[PDB]
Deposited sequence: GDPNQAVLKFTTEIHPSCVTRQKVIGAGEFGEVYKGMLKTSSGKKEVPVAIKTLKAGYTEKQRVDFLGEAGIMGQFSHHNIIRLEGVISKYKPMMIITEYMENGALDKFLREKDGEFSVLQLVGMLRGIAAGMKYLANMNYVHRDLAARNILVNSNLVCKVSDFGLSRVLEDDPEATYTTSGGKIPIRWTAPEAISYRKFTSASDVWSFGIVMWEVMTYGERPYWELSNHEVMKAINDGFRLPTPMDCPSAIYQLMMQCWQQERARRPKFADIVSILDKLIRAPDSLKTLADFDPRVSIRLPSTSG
């Protein structure tokens, strides 16, 4: 089951997202606690209802630090609502772009370990995410990153593009892209390349280059996430283990991969 919340306990305060089938609000739940609130407004279809309550059902089956926590649902009254913990810093991709250069390498790798721990939990629960990307991670005031969006060519593994094979191993590919997004403070993967140019480049063997100021071990790990052969990629358990060891021995992050500069500045 899922906890049913009475609408008198829910106060919507500000719109923070979505729209056209409902909105996402910041609000308070009854001292009161901050929550996020997603609505499903009148006229919703049967498929929208099973998708809406399905997301709440899927989230209600999970209990992990790096997975968005469900507070409850409003299903007996209209509009229906999903109420979750409130993540004060919003989506990770936008967050990183607005905080460019403001974190330590150790902080950035800690964000990746949390995302990986969430993904290990999901994969072991037999949940394939299919849309892992910094835009679908949320960040709270403890800098904890949590996977969201339960129920994008340049985040997607080749086998998922080519023949629709989505597995935890294609989520691992996506996690490698997320690593690159985090270490670059939200750079767009493959910059201005078109979707067709990205697929072509990947098939030809090209991979995203090293971010600036990126630990050698971190670049090596994202490169292994991008193995063409699915069976050669690390499992999330391997990823979590490696990230944990690097954080525990933080001097290991001071060895940087060489950064290939695109622009030559020479001063006499």
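Residues of the deposited sequence lacking C-alpha coordinates, counted from 1, fall in the stretches 1-9, 40-44, 166-185, 303-306.
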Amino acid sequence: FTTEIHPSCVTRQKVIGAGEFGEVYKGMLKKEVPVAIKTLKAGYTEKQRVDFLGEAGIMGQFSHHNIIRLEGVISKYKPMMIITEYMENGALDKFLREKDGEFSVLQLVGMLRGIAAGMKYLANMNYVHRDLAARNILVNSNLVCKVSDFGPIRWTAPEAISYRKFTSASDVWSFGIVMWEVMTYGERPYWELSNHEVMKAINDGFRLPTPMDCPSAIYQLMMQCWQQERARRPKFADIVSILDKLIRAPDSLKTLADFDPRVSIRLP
From here on, numbers count along this sequence of modelled residues.
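What we label the rigid core is the largest C-alpha set whose atoms superpose within 1.5 Å from one form to the other.
The segment moving more, judged by mean Cα distance from this form in 9 other deposited structures of this protein after a core overlay, is 57-65 among 219-227 and 57-65. Each structure in 9 other deposited structures of this protein is fitted to the shown form on the rigid core, and of 126-134 and 74-82 the C-alphas lie farther away on average for 74-82. When the other compared entries with both flanking residues are checked, residue 31 is unmodelled in at least a third. Once the C-alpha B-factors are averaged per stretch, 69-77 and 185-193 rank with 69-77 first. In this entry, 152-160 has the higher mean Cα B-factor, the comparison being between 111-119 and 152-160. Annotation for 214, 242, 42, 208: 42 ranks highest, by Cα B-factor.
Per the PDB record, residue ranking by Cα B-factor puts residue 225 in the lowest third of the chain. Per the PDB record, residue ranking by Cα B-factor puts residue 31 in the highest third of the chain.
Per the PDB record, residue ranking by Cα B-factor puts residue 53 in the highest third of the chain. Remark: residue 47 belongs to the highest third of its chain, ranked by C-alpha B-factor as recorded.
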